[PDB]
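> Residue numbering for the sequence shown follows the UniProt record's numbering, starting at 51 and increasing by one per position. Ideal placement from N, C-alpha and C gives every residue a C-beta, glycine not left out. A single structure is presented below for examination.
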Amino acid sequence: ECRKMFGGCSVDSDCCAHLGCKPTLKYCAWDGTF
């Protein structure tokens, strides 16, 4: 039960792989390639 793009989180360890909770915002921003 992890989080995905536009899922909503608080800490970096609150989303699935290839995702990162935005520090300025509050959601998992997928950044695998970019």
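Exposed or buried, which one is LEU69 when buried takes at least 16 other CB atoms within 10 Å?
Label assigned to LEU69: buried.
> Nearest to residue 14 by CA position, among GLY58, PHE84, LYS54, is which residue?
Past the edges of the chain, shown from 51 to 84, lies residue 14, and the structure says nothing about it.
> According to DSSP, what are the bridge partners of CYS71?
In the DSSP output, where bridge partners are listed per residue, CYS71 has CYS78.
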